[PDB]
Amino acid sequence: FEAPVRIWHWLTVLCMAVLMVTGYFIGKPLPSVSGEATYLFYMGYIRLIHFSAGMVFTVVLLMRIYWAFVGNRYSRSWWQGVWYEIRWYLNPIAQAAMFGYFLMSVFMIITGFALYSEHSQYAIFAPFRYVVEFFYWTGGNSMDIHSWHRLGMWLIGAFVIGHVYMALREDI
Amino acid sequence: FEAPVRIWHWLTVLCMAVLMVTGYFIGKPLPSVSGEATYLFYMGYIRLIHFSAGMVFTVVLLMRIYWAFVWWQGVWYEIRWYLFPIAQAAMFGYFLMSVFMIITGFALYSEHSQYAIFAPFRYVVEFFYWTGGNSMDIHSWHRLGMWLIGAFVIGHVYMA
Amino acid sequence: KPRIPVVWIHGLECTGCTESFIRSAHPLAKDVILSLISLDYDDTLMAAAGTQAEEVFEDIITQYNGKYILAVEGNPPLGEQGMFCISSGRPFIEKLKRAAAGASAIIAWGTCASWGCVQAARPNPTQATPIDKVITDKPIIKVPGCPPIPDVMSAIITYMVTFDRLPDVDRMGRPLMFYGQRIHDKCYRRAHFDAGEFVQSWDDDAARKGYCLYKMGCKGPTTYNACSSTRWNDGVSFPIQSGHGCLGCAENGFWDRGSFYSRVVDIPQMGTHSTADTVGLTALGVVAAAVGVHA
Amino acid sequence: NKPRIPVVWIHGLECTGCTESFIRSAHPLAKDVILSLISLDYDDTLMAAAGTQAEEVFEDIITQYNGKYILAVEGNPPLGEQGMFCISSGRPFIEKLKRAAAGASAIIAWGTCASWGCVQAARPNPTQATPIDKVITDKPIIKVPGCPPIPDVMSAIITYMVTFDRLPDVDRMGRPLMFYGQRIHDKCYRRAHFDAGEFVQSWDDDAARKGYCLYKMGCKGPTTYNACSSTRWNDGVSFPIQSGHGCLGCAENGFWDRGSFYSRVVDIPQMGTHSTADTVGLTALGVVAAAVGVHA
Ligand code: HEM
Ligand code: HEM
Ligand code: SF4
Ligand code: SF4
Ligand code: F3S
Ligand code: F3S
């Protein structure tokens, strides 16, 4: 068994809200506590909720993308790119927004997993270890992965401020 | 102030979500911090965000009715019948909790040596004392109210 | 068993610190003097004067060299070759250095010895200087305040006698026990501060209900001392409790920190009820005026 | 010159591991401790005098320096067989202990033996071996547990008491806060693996060769207070976990009787980040794979 099609959107939103709130505090952690670190795991739980929200998010996102593809794009190699451009200068800047949004999510996954699979996951995560070499090729290290990952989160939050105001503008 | 009726909904949900998340932590506070309390105000901010979200919320609820709606023994003839599909009684109950959450919530905020327009809320305190309790019970019933709302919110997320 | 020798000398001062010491409720100053220490020199209380007093001084610092505690009240002036404070025809700073040289530790009583206090305020006519700027080769325990709390003074004394050690100190040389926290962090009026409930003028309704004195210039938020917890004169009161804001008298150069009746700065301040009352009336007025009942 | 503080070091039922540990000290060397910081006036393991000469030393020290010497105790007294499970000068060791403690200013309880009872006190404790604090009740006793305690911890506690002229601050149990204030598990360099859910499952597996956590091999780090994970052993060369064996819990009271050393510790919160998130991912990947029809 499964459910209605809007479940697989409210999920992503739930995942998104969690990956943001948690990922935020992985980089700018909450105030410090004090006790006996045997019985305390606050930061560890934030990271855990993050990685596994990122698991769910990743699965849902990829199935949700697989269908839009199979179904022609949306509506029920740079040619199409250069042509998207001519008709693009005349709602055409709103599609490129929803597209950029799904492009970010995938970037947040490629980068997010490069970090997660690092300490020798040694299985199906083998490709993500090109992302690392790439950032090294850039003349950087895995710290840059963290930085670009944190940036992606802010960029997503930008669309969300737009996409939310744009939706609430459908309070006709 | 004569914008859509969409606006006065999403605000309420925003207020609700805040008054819940904040009110929760006024009662079961977050882990302790340590430093110098001159530069620290975490609980104080939580309490501040609460009281003032409770302000906005109250105003908007006092207005999501005067919008909704639009002698003292003449209205009686038409209200008495509701006193004697049943899918309104839930939406009605919800608005009733909100008002209970306001009466009790302000009862706490107001009786703090305020001399104002909050004078009626004092009765709420005397009522809880008449009950054979004190303002701690106001705190308890207030907290319970939050759970009950979350129950509806829990239920109203049926889909319809 | 013999009692630890204590030499108590006085520079430029008001004798407020000596006075404070004898206010001690527990232990009584009487019992400190008879049973806990050996107050071997103290101009205020000793019988001997002049050449007799000088003989006592010399005898103690010689006989107990390296073994006595030096207690310093007041401070030395550098102006006029030190002759702004004269002891036995010579600058007080000479007696200070001589006494310091044989001491095992120095207690700097009050703001005077610790920092400079009132005589060091603008324009410092006598070039009054705190002890630690003059003596650099000895452990110096600063016990600031004008004066310090009587029972704090005696508690520090009993600590050093009983535990046979100097109290742990901050980077300023203040005993952590009584100076580790700010007045403002143990003030019984913090509720009002945090609510935005302030005295605005003397003897208003707010003052008669014991509201916060922040707006009356209370320097509590920047002052380290024990007055809000230990309190004064056998726990009877402290400045804020009797309705005056903290002057900051335990802090370095507090006399020159602007008027005592001027608000303190760079202290975060955001009331709970003062903010929420404002958010309420902002919303209520936006509403009442739209309906038409601005009146 | 300057006199050194007199120290009387007596031995009950023990393995002499604590004395051995003491002389392992890297800084200060045991040589310099004996030469310059203290006066080791009685110590069966090292002293020249034996027999009646040893007895004379003992009597002379505790009498001359009565109320002024430190009593260091290694091992513990047996209560069984009227105390004759441990005989010193033809008499019960406990009599020596009591006589020594009566004149001491303070007592150091070296190791788990003196602190708690250690191996001889394990089930069924044939000799009724008893920790010092159960026998001596009117003197300050500083417990320095471990089997044995860390060499440099021992010397550091000694240097502290000499230099600062006082006893170290202690917990409710009498252990010095400085070295026993935290758990092995709270300063273990393998926490990263613990926290990720990366464990050694059997000896010399790939996990073991990468230095993964030893929680599932029975490590009692989570319940053991000691400095082994920070201070380390033998001039900071290693400690049990670093060389691949889990903590036995040797600084803790009755640790011998806390089940097998290769049995997991209980009531210790443990939820791995990568272990949980790997599960969450496959649970979701497998739910979808089932619905699409590419199961297995
Ligand atoms: C909307 C998607 C996501 C958002 C908004 C998000 C947000 C964040 C943020 C802000 C950080 C902190 C970066 C820093 O300051 O160092 C973070 C860390 C991290 N994220 Fe994400 N993330 C997302 C998706 C993912 C995914 C799919 C994974 C894959 C498992 C992932 C794995 C990680 C990892 C491994 C870290 C750092 C862990 C650590 O070393 O503590 N993220 N995330
Ligand atoms: C849906 C609306 C509201 C929810 C869910 C809510 C939730 C809560 C909760 C759970 C508490 C914790 C009480 C406890 O455990 O002791 C609390 C405290 C409080 N609430 Fe509300 N509340 C709401 C509305 C209001 C309103 C309108 C006011 C009026 C200003 C108010 C004022 C307070 C006050 C004054 C306190 C406790 C004061 C203190 O910190 O000592 N609340 N709220
Ligand atoms: S500002 Fe002064 S009166 Fe107000 S809480 Fe702080 S110390 Fe007390
Ligand atoms: S269980 Fe043992 S090996 Fe693992 S982190 Fe804790 S102390 Fe270290
Ligand atoms: S004035 Fe001085 S007495 Fe205390 S209250 Fe302020 S430090
Ligand atoms: S066994 Fe003992 S040696 Fe330390 S590592 Fe555990 S306390």
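As the structure lists them, so they are numbered: ligands from 1, and atoms in each ligand from 1. Note that these values count all heavy atoms, side chains included, but never hydrogens, waters or copies made by symmetry. In what follows, chains carry the letters A, B, and so on, assigned in the order in which the sequence lines appear, proteins first and then strands, with residues in each chain numbered from 1.
Using bins of under 30°, 30° to 60° and over 60° for the plane-to-plane angle, the ring pair C/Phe260/C/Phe254 lands in the tilted bin.
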request  = Kindly determine whether A/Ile109 and A/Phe57 satisfy side-chain contact (heavy atoms from CB on, under 4.5 Å), including the steps that lead there.
outcome  = CA-CA 9 Å; A/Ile109 283 170; A/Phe57 175 82; 3.7 Å; yes

ask   = Under the side-chain contact (heavy atoms from CB on, under 4.5 Å) criterion, do A/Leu155 and A/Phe107 qualify, and how do the steps go?
value = CA-CA 11 Å; A/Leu155 299 181; A/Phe107 180 73; over 6 Å; no

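Between A/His50 and ligand 1, at least one pair of N/O atoms sits closer than 3.5 Å. Ligand 1 has a nitrogen or oxygen under 3.5 angstrom from a nitrogen or oxygen of A/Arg150.
Among the atoms of C/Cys246, an N, O or S atom falls under 2.8 Å from atom 6 (Fe) of ligand 5.
With a 4.0 Å heavy-atom cut-off, ligand 1 is reached by no atom of A/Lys28. For A/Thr58, every heavy-atom contact with ligand 1 shorter than 4.0 Å involves the side chain, none the backbone. With a 4.0 Å cut-off on non-hydrogen atoms, A/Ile26 touches ligand 1 through its side chain and not its backbone. With a 4.0 Å heavy-atom cut-off, ligand 1 is reached by the backbone of A/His146 and by its side chain too.
Between C/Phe21 and C/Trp8, the gap from one ring centroid to the other is short of 6.0 Å. The distance between the ring centers of C/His184 and C/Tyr214 does not fall below 6.0 angstrom.
The A/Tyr116 neighbourhood of ligand 1 comprises atoms 30 (C), 35 (C), with distances under 4.0 Å to a heavy atom of that residue. Ligand-side atoms of ligand 1 in range of A/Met16: 1 (C), range being under 4.0 angstrom from any heavy atom. Atom numbering of ligand 1 starts at 1 in the shown order; those under 4.0 Å from a heavy atom of A/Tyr24 are 10 (C). Less than 4.0 angstrom separates some heavy atom of A/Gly54 from each of these atoms of ligand 1: 27 (C). Under a 4.0 Å criterion applied to the non-hydrogen atoms of C/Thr223, ligand 5 contributes the atoms 7 (S). Applying the 4.0 Å criterion to heavy atoms of A/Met20 picks out, from ligand 1, the atoms 5 (C). Near C/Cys227, meaning under 4.0 Å from any of its heavy atoms, are these atoms of ligand 5: 3 (S), 4 (Fe), 5 (S), 7 (S). When each atom of ligand 1 is checked for a heavy atom of A/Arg47 under 4.0 Å away, the hits are 39 (C), 41 (O).
Protein residues with a heavy atom under 4.0 Å from ligand 3 are C/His184, C/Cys187, C/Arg189, C/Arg190, C/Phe193, C/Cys212, C/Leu213, C/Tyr214, C/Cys218, C/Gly220, C/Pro221, C/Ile240.
Counting only heavy atoms of the protein, atom 2 (Fe) of ligand 5 lies nearest to C/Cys249 SG, 2.3 Å. Protein heavy atom closest to atom 7 (S) of ligand 5, with residue, atom name and distance, is C/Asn225 ND2, 3.5 Å. Summary of contacts: the protein heavy atom closest to atom 1 (S) of ligand 5 is C/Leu247 N, 3.4 Å.
A distance-only check finds no donor-acceptor pair linking the side chain of C/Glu73 to the backbone of C/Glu13 [under 3.5 Å]. Remark: side-chain polar atoms of C/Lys219 are paired, donor with acceptor, to backbone N or O of C/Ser262 under 3.5 angstrom. Looking at B/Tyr109, its side chain does come within 3.5 Å of a backbone N or O of C/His273 through a donor-acceptor pair. Here the side chain of C/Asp151 pairs no donor or acceptor atom with the backbone of C/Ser24 at under 3.5 angstrom.
For the residue pair D/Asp186 and A/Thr38, a side-chain donor N or O sits within less than 3.5 Å of a side-chain acceptor on the partner. Counting only N and O atoms by type, the side chains of A/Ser34 and B/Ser34 include no donor and acceptor under 3.5 Å apart.
Other residues, nucleotides and ligands place no more than 12 heavy atoms under 6.0 Å from the OH atom of A/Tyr130.
Judged by the 6.0 Å and 45° rule, C/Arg174 forms a cation-pi pair with C/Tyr224.
Here the shortest heavy-atom distance to atom 23 (C) of ligand 1, taken over A/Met153, A/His149, A/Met55, D/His274, belongs to A/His149. Of the listed options A/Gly27, A/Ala17, A/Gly23, A/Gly23 places a heavy atom closest to atom 12 (C) of ligand 1.
Between C/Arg23 and C/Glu19 a salt bridge is recorded (basic side-chain N to carboxylate O distance below 4.0 Å).
In this structure, D/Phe194 and D/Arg191 have side chains that are in contact, with non-hydrogen atoms separated by less than 4.5 Å. Counting heavy atoms from C-beta on, the side chains of C/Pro239 and C/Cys246 never come closer than 4.5 Å.
In this structure, C/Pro239 has a heavy atom closer than 4.0 Å to ligand 5.
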